[PDB]
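Note that UniProt numbering numbers the sequence shown so that position 243 is 1606, with each residue one more than the last.
Note that beta-carbon positions come from the ideal geometry of N, C-alpha and C, so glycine has one too.
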Amino acid sequence: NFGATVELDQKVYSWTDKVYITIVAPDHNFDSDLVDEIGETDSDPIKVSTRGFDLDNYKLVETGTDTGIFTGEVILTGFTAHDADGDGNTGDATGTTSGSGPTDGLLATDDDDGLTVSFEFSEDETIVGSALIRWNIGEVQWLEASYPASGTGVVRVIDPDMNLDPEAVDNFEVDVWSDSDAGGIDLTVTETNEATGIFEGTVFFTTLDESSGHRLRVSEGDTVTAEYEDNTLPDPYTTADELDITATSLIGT
């Protein structure tokens, strides 16, 4: 009678985020020279579920042959009817649910939701681990308060909701304009690591030419502005609210 436990990485998650599960159930170490599997049978089922969708008879595998620790991972996917980008064509996050392996799990999700993992280690007893799924606001700032008239600009935006692929680096367009040219440019920011959700991009400062691509026409003591439109915003806001987060810096020589 070695009780089992379920642990999850984060108390709160985000949509399209990657979950790792660790079940410490020493009593299921049947063979000392074999990596033991739990959850694939009617006798010993597991099920990972969110409100609306579930994966049943999922599989978890032992870390080493006689360790007695079982692990797995599932990829959240969100719902296909949304624009996280705000560019006007939907299907930013494919809503798919499949897989019965230790690692190849795909699970659909809602904007505000809950996740649970259930394990029946013995008949008529279960153990559960739960977590929340919430959207998040964006955070935007320039790296430096002041820049020279001929320097280069990098701006950092932090929105965990924009991690559309947790195993890949993601890119989206921030808008950059200055007092001299209100039209400005569209800054393509990119993810530093495949699942960090931190984005950065680079702009050239010109004074004697048009603002095009990542070049921005500016002048002495001219404040520059970069704004991010948060299409993925939690309560009190709704699924339709489009809040704008922006940051500014002054060019003084």
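Assign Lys1374 to buried or exposed, taking buried as 16 or more other Cβ atoms, counted over all protein chains shown, within 10 Å of its Cβ. Here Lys1374 is exposed, its C-beta having fewer than 16 other C-beta atoms within 10 Å.
Does the ligand COA have even one heavy atom less than 7 angstroms from the beta-carbon of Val1518? This structure does not include the ligand COA; it has no bound ligands of any sort.
Alpha carbon of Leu1397 to alpha carbon of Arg1414, nearest angstrom: 35 angstroms
Quick check: the stretch 1539-1548 against the stretch 1379-1399, are there 3 or more CB pairs under 8 angstroms? no
Burial state of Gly1501 (16 or more Cβ within 10 Å): buried
Bounding residues of the beta strand (DSSP E) (the contiguous stretch that carries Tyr1383): 1381-1387
So, helix, strand or coil for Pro1599, using DSSP? Three-state DSSP puts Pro1599 in coil, outside helix and strand.
Touching or not, the stretch 1513-1522 and the stretch 1488-1497, by the rule of three or more beta carbon pairs under 8 angstroms? no
According to DSSP, simplified to helix, strand and coil, what is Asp1524? helix
Would you kindly work out how many angstroms separate the C-alpha atoms of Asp1455 and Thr1443, rounded to a whole number? 7 angstroms
Tell me the residue span of the beta strand (DSSP E) that contains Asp1607. 1606-1614
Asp1446 versus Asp1419: straight-line alpha-carbon distance, rounded: 30 angstroms
Selected residue, minimal CA-CA separation from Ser1485, among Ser1406, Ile1384, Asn1526: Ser1406
Go through its chain and collect everything with a Cβ distance to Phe1568's Cβ below 8 angstroms, but skip five positions before and after it. Result list for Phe1568: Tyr1510, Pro1511, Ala1512, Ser1513, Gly1514, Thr1515, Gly1516, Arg1578, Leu1579, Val1581, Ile1614, in chain order.
State the beta-bridge partners of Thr1413 as determined by DSSP. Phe1416, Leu1478
Beta-carbon proximity check, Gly1564 vs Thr1553, cutoff 8 angstroms: yes
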